[PDB]
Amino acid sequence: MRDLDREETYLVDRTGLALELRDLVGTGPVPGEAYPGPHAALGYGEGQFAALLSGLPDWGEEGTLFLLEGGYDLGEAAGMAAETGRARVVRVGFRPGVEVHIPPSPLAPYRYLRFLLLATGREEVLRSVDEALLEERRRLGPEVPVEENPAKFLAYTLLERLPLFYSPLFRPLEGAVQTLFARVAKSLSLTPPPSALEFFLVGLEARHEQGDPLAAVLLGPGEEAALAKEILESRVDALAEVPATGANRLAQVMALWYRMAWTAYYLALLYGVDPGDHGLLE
């Protein structure tokens, strides 16, 4: 078993993802003008989660339509995105043809959301998000020992286990985290279907042993999180309750996301694999 408190363990991080994670807040493009409303947003790859979290309509025939064509969108036909009426189309993505450029990164979702909140007059919400992530990073860096580092601690829980992520406060966070663990930790993880509690209650009855390798990760607060624990504690090998820091829903979602990003990073180190992306052309 690798030791997250020993320098040697970090040599596999050849692209310095640890640094990017630390400096994430305040990075990414900023709106250089006031886009005409109404505002709409449709995202692909690294821009989908942000588009959803924003709560904006996914289309429009007037005002501004932000097409977040993000990286890691293999086969999602983002370029296919055709009737837009008199709406101004603003392309934000990694491709050379975009109007606002954002290079591909597992952390890009933060940047897309940041750009979007700023373009829709939600700088205040953005402040609470940045505030929440900054308070989180205090305990997440590699210089913070396992006992005081929740991401390192959680990584040891997920080591050699099958993570099951559930985030009642906002279901799509589940997919975003599953994506983080695949892309960064290069590991398999699961998310429940829309009828999650139902899934937890009867999905492990055929073979109770299916729960032996499971690590249920309950992300955030809510009655459903409580009911989920009541159902899963006695049906799975391990269960973690992750607090959602932040003064509001979006801040809480992003704080959970950011902590899981740090967790995926440490899990990659525990498996001794590079947390970074593969070169796609070499």
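Just count from 1 along the sequence shown to find any residue number.
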Classify the number of deposited-sequence residues missing from the model between residue 134 and residue 135: none, 1 to 3, 4 to 9, or 10 or more.
-> none
Between 33-41 and 209-217, name whichever shows the higher mean Cα B factor according to the PDB entry.
-> 33-41
Taking the mean of the C-alpha B-factors per stretch from the entry, tell me the winner out of 5-13 and 259-267.
-> 5-13
Residue with highest C-alpha B-factor in the PDB entry, from 152, 171, 114, 86 | 86
Sort the modelled residues of this chain by their C-alpha B factor and say whether residue 63 lands in the lowest, middle or highest third.
-> highest
Comparing against every modelled residue in the chain, figure out the third that the C-alpha B-factor of residue 231 lands in (lowest, middle or highest).
-> middle
In terms of the chain's CA B-factor thirds, is residue 246 lowest, middle or highest?
-> highest
Could you tell me which third, lowest, middle or highest, the C-alpha B-factor of residue 129 occupies within its chain?
-> middle
Compared with the other modelled residues in the chain, in which third is the CA B-factor of residue 142?
-> middle
